[PDB]
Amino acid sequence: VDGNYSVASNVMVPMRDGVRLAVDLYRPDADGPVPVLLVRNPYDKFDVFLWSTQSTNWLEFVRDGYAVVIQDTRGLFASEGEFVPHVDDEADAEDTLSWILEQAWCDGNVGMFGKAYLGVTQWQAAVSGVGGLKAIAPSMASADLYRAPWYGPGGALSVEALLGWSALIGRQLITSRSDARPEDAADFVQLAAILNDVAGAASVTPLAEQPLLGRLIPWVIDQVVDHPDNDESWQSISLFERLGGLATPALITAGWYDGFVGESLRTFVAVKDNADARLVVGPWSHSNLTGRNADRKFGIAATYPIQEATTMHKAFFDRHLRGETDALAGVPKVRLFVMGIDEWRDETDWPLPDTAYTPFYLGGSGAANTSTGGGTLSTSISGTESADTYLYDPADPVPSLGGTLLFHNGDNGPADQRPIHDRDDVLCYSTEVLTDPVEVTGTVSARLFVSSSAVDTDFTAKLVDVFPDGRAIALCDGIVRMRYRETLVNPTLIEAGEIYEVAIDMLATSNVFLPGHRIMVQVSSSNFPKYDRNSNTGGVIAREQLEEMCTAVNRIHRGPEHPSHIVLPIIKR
């Protein structure tokens, strides 16, 4: 009977080391083997409602004749073994694919889908070399775990991401326990207190002392906090350098305010030349896919389009797992939600073909401190040599507000920035009010001439759309930790007072700045707890006490010989 299926629970799958991983089998009521879709899930294979609304109506796949396998990853819930994030998923996925391909009901075609960690596990599957894996669909995910979500291209720790995710893993473990432990009730309450105040949890110094999280999941310290350089421990789990050698079609989703967005987009660039890659980017954050935010509404068309996504995934799997050569007819290569005009729009490529990477130079009379300063942005080089100066005090960092926050207030990506506009350490530069629209769609970076009183510090850059009513809406932002200014791998300190030209990777966006709006950039030296705060000492930041940290006098240089600017991907149509 087409449309009908059965579900077998806790089928145990043996890995190479003898440890057995538990799976659930959703198999169509049909004769002969079928194509198979695999989901590798650390959040309980039984709990399908937890994530499915953020992905696909995948029971449609089963009703249409796909088998679907959902697996507890190693050491979690019904699976045997010990859980350590990332380190076992390459080998475990390879063995799981091998097992599936051996099964009577598998016709030799396997795909995958899923979001975030369930997207990462697909890149880890794809590097295995198993020919039966015909396509993946990693949503809002990453193939380089240092660059997202634990650190980033600027070499700062994503501390709210780390502590928030670790606290949810901890609550998961406690809830899933066989026999409740005497300390379970108190631990569970303490993990909730972290999640109710992530910035406060991130404020304890030394950062590396995590009595609760370090006990429940030692990897928090042993791997992430203790390895601030993009060293061999990170490279061991990175998939990115191997993506270029793959020929695996990938249906890649991203969100402009999602923590993974930079790495999601880079996976598309890395695989598009060697197989059929597809890109969908909506205006979502990791936990807010509704299109509605406190001070910014994108319209109901911006809500994560689960039905259209289900249709697109099925067409994708029909093409690559069923060999239906016309199944993707009419489907665009790239589909972006273009903010400002707040409309979905199809494109032929990412980056967009006719992107004009355009410098907008920092300028202005007087000091650019606060939003009532004199800071300007212009496509012409500034005529007079100037500099803006501020005190960065680690005890008083610029609070994170929107952006790509994950767990600390991670449901308000396009946040109004006015609550921090009067801070003296927030330098503001903006264009005149626009009379014609300016579209900025692509990757975004800044190039700043900076100096510091300290031997290490951070610099941040944030792109903002200023609305006529005064809302200053965050778009994309980035950070550079100065010791990593040239390499994330082999950091060196800087000389106090010397001027450096540094790049700040500000991820990506798609926004039409409409007439009556302004383009604005904020520059500072902190963005906390989105990123941990630089101690301004050159020390091992995560091991320092707040008392041991220093303030830094930091300076942006701007003018003819120091043409600090933001590089905007200008689209003109």
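Numbering starts at 1 and follows the sequence shown.
A.B. asks: Taking the mean of the C-alpha B-factors per stretch from the entry, tell me the winner out of 541-549 and 509-517.
C.D. replies: Stretch with the higher mean C-alpha B-factor: 541-549.
A.B. asks: Higher mean Cα B-factor in the deposited model: 380-388 or 219-227?
C.D. replies: If you average the C-alpha B-factors of 380-388 and of 219-227, the larger mean comes out for 380-388.
A.B. asks: If I read the C-alpha B-factors straight from the PDB entry, which of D342, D326, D477, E308 is highest?
C.D. replies: Each of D342, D326, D477, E308 was compared by C-alpha B-factor; the highest is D326.
A.B. asks: At the C-alpha atoms, which of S158, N409, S139, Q172 reaches the highest B-factor in this entry?
C.D. replies: So the option with the highest C-alpha B-factor is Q172.
A.B. asks: When the modelled residues of the chain are sorted by Cα temperature factor, does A315 land in the lowest, middle or highest third?
C.D. replies: It belongs to the middle third of the chain when residues are ordered by C-alpha B-factor.
A.B. asks: Within this chain's modelled residues, let me know which third the CA B factor of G119 belongs to: lowest, middle or highest.
C.D. replies: It falls in the bottom third of the chain.
A.B. asks: Comparing against every modelled residue in the chain, figure out the third that the C-alpha B-factor of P149 lands in (lowest, middle or highest).
C.D. replies: For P149, the deposited C-alpha B-factor lands in the lowest third.
A.B. asks: For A180, does the deposited CA B-factor place it in the lowest, middle or highest third of the chain?
C.D. replies: Answer is highest: the recorded C-alpha B-factor places it there.
A.B. asks: Test of reading the entry: by CA B factor among the chain's modelled residues, which third contains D258?
C.D. replies: It belongs to the lowest third of the chain when residues are ordered by C-alpha B-factor.
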